[PDB]
Amino acid sequence: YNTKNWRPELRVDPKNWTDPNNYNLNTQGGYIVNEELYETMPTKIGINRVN
Amino acid sequence: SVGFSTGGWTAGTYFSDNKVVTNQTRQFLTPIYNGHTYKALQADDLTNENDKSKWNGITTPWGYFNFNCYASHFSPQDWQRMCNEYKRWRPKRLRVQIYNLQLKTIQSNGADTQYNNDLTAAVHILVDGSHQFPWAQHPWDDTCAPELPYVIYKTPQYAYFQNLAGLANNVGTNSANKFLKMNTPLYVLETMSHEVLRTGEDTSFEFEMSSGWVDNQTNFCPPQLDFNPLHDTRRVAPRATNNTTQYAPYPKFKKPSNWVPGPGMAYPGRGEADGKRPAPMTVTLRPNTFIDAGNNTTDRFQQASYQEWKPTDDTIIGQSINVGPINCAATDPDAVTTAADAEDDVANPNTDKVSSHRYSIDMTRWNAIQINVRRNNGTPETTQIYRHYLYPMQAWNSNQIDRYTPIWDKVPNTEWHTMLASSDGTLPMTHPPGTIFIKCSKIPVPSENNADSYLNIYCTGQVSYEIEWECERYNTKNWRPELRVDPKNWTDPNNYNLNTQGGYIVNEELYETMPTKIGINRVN
Amino acid sequence: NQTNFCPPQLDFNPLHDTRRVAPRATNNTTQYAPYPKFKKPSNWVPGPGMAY
Amino acid sequence: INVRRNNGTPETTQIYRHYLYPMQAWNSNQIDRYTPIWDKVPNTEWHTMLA
Amino acid sequence: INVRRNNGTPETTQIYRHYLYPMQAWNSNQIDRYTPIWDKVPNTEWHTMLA
Amino acid sequence: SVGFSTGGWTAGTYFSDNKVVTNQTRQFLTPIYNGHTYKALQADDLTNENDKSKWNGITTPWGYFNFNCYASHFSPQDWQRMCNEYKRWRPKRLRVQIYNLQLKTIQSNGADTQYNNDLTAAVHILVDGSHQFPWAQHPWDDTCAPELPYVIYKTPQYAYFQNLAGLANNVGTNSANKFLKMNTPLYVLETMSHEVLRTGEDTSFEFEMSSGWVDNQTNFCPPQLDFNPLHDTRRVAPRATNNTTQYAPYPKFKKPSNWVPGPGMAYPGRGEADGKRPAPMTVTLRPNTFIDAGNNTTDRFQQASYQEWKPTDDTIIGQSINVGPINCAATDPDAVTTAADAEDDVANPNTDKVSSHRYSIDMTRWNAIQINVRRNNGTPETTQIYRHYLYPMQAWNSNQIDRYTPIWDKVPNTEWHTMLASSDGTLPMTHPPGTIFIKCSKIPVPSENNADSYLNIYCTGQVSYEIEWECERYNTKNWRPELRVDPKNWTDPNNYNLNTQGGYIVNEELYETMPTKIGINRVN
Amino acid sequence: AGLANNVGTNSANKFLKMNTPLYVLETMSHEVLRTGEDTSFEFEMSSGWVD
């Protein structure tokens with residue numbers, strides 16, 4: 001993408017996660033995904049296109 | 001140098017079989033806009049209850065040129081000749097020249113205001129050809145270049161949309177509210193490379209245009225009625241008696257057609273005396289992660305059904321999304337929803353003064369659509385379809401346009417769009433001619449206190465703009481003479497003429513239409 | 001991967017009037033008044049949808 | 001959608017099913033990483049736009 | 001089509017006129033030997049798919 | 001000629017795998033400085049007890065351009081993209097163009113002030129590329145080119161240091177006092193060849209830059225903790241019982257490391273409410289042949305020990321040598337000693353408004369260092385090292401920087417220097433981009449009495465400046481997603497945006513950091 | 001565990017926990033060998049002297 005936007009844009013990032021330990025392993029070998037809440041890593045989060 | 005002109009006056013229209021070329025030159029005036037600075041513009045502060053909007057945006061120091069209208073490129077004479085001699089036309093390309101620039105300082109001496117030229121002052125000229133800035137241009141804006149060639153053209157100031165105050169605000173956590181507010185873009189034209197020009201310099205621009213045709217011809221025959229009555233159809237209509245069906249052939253003058261009337265919506269609008277919800281269609285936006293604060297801090301929604309949020313009237317009015325004309329092939333709203341070019345005194349009725357596209361006699365556009373069923377008790381009943389969408393086997397024509405119609409509109413930049421058939425008569429194009437932005441240079445002056453203080457200047461120059469039009473002459477086997485664009489029907493014989501005060505006389509008693517699609521028949 | 005911040009209906013310059021006028025119905029006749037600067041009718045229809 | 005009756009009463013109703021119509025423009029909804037990539041278009045004579 | 005009201009009552013209604021919509025796929029109806037081969041598309045600016 | 005522009009507006013950022021190119025243009029204003037003359041500047045007269053310095057120097061009629069800051073070259077958007085997409089970057093070269101020059105006379109007519117251009121007036125432009133003049137530039141000066149491209153850039157006035165009044169004075173015979181006073185240099189820019197330009201002329205400059213990298217990645221693993229706990233270490237820890245030593249192996253999760261924590265000093269400073277000695281480190285200078293007069297005519301020293309002279313507090317304050325941040329790899333002072341960009345009303349706390357580099361999560365930077373001994377009576381005791389110098393086998397990382405950080409600093413011109421690892425985040429370079437000095441020509445007017453009387457003028461023009469950045473994209477084998485520079489954590493969603501007054505909104509409620517080294521892990 | 005944990009807001013605690021990497025060797029290309037296969041490796045070494 002190229003943009004002429006001045007301001008910074010939203011990006012896919014862990015900061016909004018309820019559970020900081022996510023997509024990580026526990027001591028039993030369990031793969032930890034979305035136990036407390038669904039943590040979305042969606043498309044179309046931040047990149048603006050002009051109309 | 002300072003004493004050489006960078007161009008000359010170019011004008012006149014060239015006619016030929018396959019192409020028409022229009023040439024216009026205007027003297028223009030560009031002032032300083034917005035105090036040479038960018039500002040946020042919030043409609044909630046500017047409006048009142050009669051018309052309220054949450055529209056937010058940015059006003060810029062820049063200004064721009066607008067060529068989009070036919071009266072800008074065609075005199076009434078030349079428009080008449082287009083409508084009479086050609087079955088269709090479309091713009092192929094636009095060439096713009098800006099030259100003979102003059103930069104004058106505005107300096108007060110005593111009570112007098114003296115105008116002296118600053119020979120080293122410059123003008124900023126930016127062209128955005130890839131549309132990387134917002135494209136703030138509403139097609140029916142009054143900002144277009146003037147119709148009369150000797151009238152000065154004041155360039156309009158550029159401003160664009162940022163967000164809706166009701167949607168984009170500081171509310172909730174991980175909410176569409178904050179994200180719309182966080183993700184709101186800001187555009188500054190000084191972040192793009194552009195030309196700066198002094199009085200001896202000039203510049204030029206060319207834009208290739210791809211689009212659909214403006215059609216000048218009309219269909220006398222409804223596609224459903226094109227058949228030979230002299231002969232029977234093999235096709236038979238059902239007749240329901242008790243639990244069985246008896247069949248009988250369609251009458252010779254009624255033959256069922258494969259061809260469905262085109263899409264249409266006959267919605268006039270609310271017709272209210274306010275400016276709240278004037279359009280036939282309004283739209284409300286509620287992102288699914290939106291948080292309603294139950295205050296005036298956000299838009300308001302009540303849930304009407306499970307997972308359904310109905311906006312309040314204030315929310316509809318606030319987001320101020322107005323869609324029209326939507327009528328497409330429906331002819332009842334034509335007069336009411338296409339209107340333009342009217343000033344409201346309320347002292348005298350403007351009903352017949354206003355311009356609209358109501359004058360089409362085309363037979364592919366429908367008043368009403370009836371669907372027919374029969375209930376179990378044997379009662380036939382018929383209802384009408386007021387909103388009729390795209391359906392297989394539809395064929396229809398666009399509505400007429402006139403000379404005061406805008407030429408193009410910009411197709412929204414989106415993943416998906418349906419066919420581009422406009423109810424207002426513009427030609428939607430993916431890339432319209434790129435916007436030419438113009439700004440007077442900011443000449444600072446020293447100030448003792450820290451202050452932004454500049455030299456008051458303005459720019460004057462000549463803009464020459466040219467469109468090459470692809471056109472096609474008509475051939476017909478019609479025996480009879482056809483309707484043409486002509487003054488004979490005018491209520492006021494003195495029209496597009498000047499009065500003794502220099503006033504240009506247009507449509508004082510009544511709107512005199514010079515529409516497309518008046519006379520030229522095409523066979524079905 | 002990209003999002004539209006601007007509704008295609010709202011992309012316009014409020015600083016200027018639209019030539020286009022809205023109908024006002026009094027008795028059997030129509031009076032016309034211009035659309036407000038911040039409400040400009042759009043050619044662009046909201047996309048297809050079903051909320052069920 | 002907005003209409004006005006003969007007695008002068010404006011009334012507005014909502015369109016819950018809204019089909020393809022001329023001059024529409026819109027975007028797809030977002031996806032995430034757990035979304036399937038493709039689907040098979042049915043083998044048929046006719047199909048509308050794939051959105 | 002299926003909705004649920006606020007009081008918890010599900011209700012279903014039928015669509016008797018169903019227009020072109022994204023992601024539709026269908027076939028033409030059968031023909032026989034007494035069917036006409038062709039028809040003329042109306043001469044017009046706009047037409048939808050010929051089915 | 002007078003009516004031709006000597007350039008155009010150049011802007012925009014180019015991104016690529018191996019290089020990023022920024023382009024900025026600013027309209028600038030250069031006034032007459034210092035009455036077109038050189039003057040001595042003595043701080044003892046300008047200051048008072050709250051902040052006193054013996055600083056002496058020269059103020060010049062010249063002024064200069066300052067490009068040193070990231071916000072000058074990067075919009076918040078472009079800074080975000082650098083931090084997200086690249087593991088490191090450094091400036092390769094700087095290109096500067098000065099053009100479209102305008103020289104206006106300031107002449108009063110009655111109560112009005114009229115601005116007319118003098119077409120034959122000139123501008124002096126001096127570039128010192130070999131740094132033969134003093135380099136007066138403190139990296140955190142507020143004199144840098146403006147962040148917003150449409151803001152006017154007022155060039156700062158140039159002034160430099162000569163000597164310290166306490167050290168350099170007329171005292172003693174054959175003393176460091178007189179020699180410092182005798183040997184004090186004087187620099188006049190009119191003794192170097194330079195360009196003079198009228199409105200039709202322009203000029204350009206290029207500067208090659210060699211430097212270290214700005215690192216965008218963070219170490220999740222302390223180099224001491226990178227080991228496999230599943231296995232024993234052969235290495236055994238001593239256990240002291242009476243006069244003998246018993247050995248036992250280190251635990252599996254504690255394995256002694258060869259790697260020493262990097263150098264650091266955790267000194268906050270005095271934290272006093274005055275401006276006297278604000279830095280963590282202060283330095284006093286006493287040449288060995290210096291003579292103390294026992295008066296206020298010199299600096300004051302008491303001998304504390306044989307051949308040791310301890311300065312009085314007034315002497316420390318007077319010489320005004322302030323050194324910080326010195327913390328290097330120590331993280332406790334990070335917030336307090338790196339702060340910047342704060343105005344003190346004292347009415348509202350600026351604690352969270354101020355910018356500092358406190359946000360690094362890197363694991364190579366230490367809170368505290370403990371050393372461990374055992375006395376003869378069997379008592380173990382542990383103390384901490386508050387100043388920890390360079391030592392063999394140290395490895396550490398720089399602290400984070402933000403967009404408001406200056407890019408470079410000048411390495412002092414000296415025989416010896418240690419490694420260039422900055423606590424403030426600048427890139428020290430032996431030759432920074434040469435300073436471009438600018439001065440309005442001195443146009444004298446005749447005067448009846450002998451007097452220095454000139455014509456009041458100022459210069460306006462456009463400066464275009466460009467940096468080519470060498471950058472590297474990151475590759476990682478990390479499975480999990482990483483932190484990125486993003487608005488989500490902002491207290492104020494409306495940031496780096498404009499308000500309705502044209503104000504540019506930055507960090508009103510709290511400082512919103514867009515730091516380097518936020519998310520990208522490098523393996524130890 | 002003392003540094004990286006779920007505590008505070010916008011804190012080094014959560015960021016250390018969020019930003020913790022995970023490495024899985026099956027995400028890198030490598031050889032698989034049966035009994036008849038063999039493999040070899042060479043490593044150039046630069047270092048100081050043992051005196």
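Each chain gets a letter, A, B and so on, in the order its sequence line appears, and its residues count up from 1.
- Around the CD atom of B/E49, the shell of radius 6.0 Å holds no more than 12 heavy atoms that belong to other residues, nucleotides or ligands.
- Looking only at heavy-atom pairs under 4.5 Å with chain D, the residue among B/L420, B/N413, B/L390, B/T282 that has the most is B/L390.
- The closest side-chain donor-acceptor pair between B/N163 and B/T184 falls under 3.5 angstrom.
- Contacts between residues 265-273 of chain B and chain D, counted as heavy-atom pairs separated by less than 4.5 Å, involve B/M265, B/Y267, B/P268, B/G269, B/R270, B/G271, B/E272.
- Ranked by heavy-atom pairs under 4.5 Å with chain D, the list B/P412, B/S423, B/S422 is led by B/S422.
- Checking B/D334 against B/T331 by side-chain atom types alone, no donor-acceptor pair falls below 3.5 Å.
- The existence of a salt bridge linking B/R277 and B/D313 is confirmed by a sub-4.0 Å separation between a basic side-chain nitrogen and an acidic carboxylate oxygen.
- Contacts between D/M23 and chain B at a heavy-atom distance below 4.5 Å involve backbone atoms as well as side-chain atoms.
- Atom CZ of B/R358 sits in a sparse spot, with 12 or fewer heavy atoms from other residues, nucleotides or ligands closer than 6.0 Å.
- Remark: aromatic rings of B/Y391 and D/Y19 are distant, center separation not under 6.0 Å.
- To the nearest 0.5 Å, atoms OG1 (B/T430) and NE2 (B/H131) are separated by 9.0 Å.
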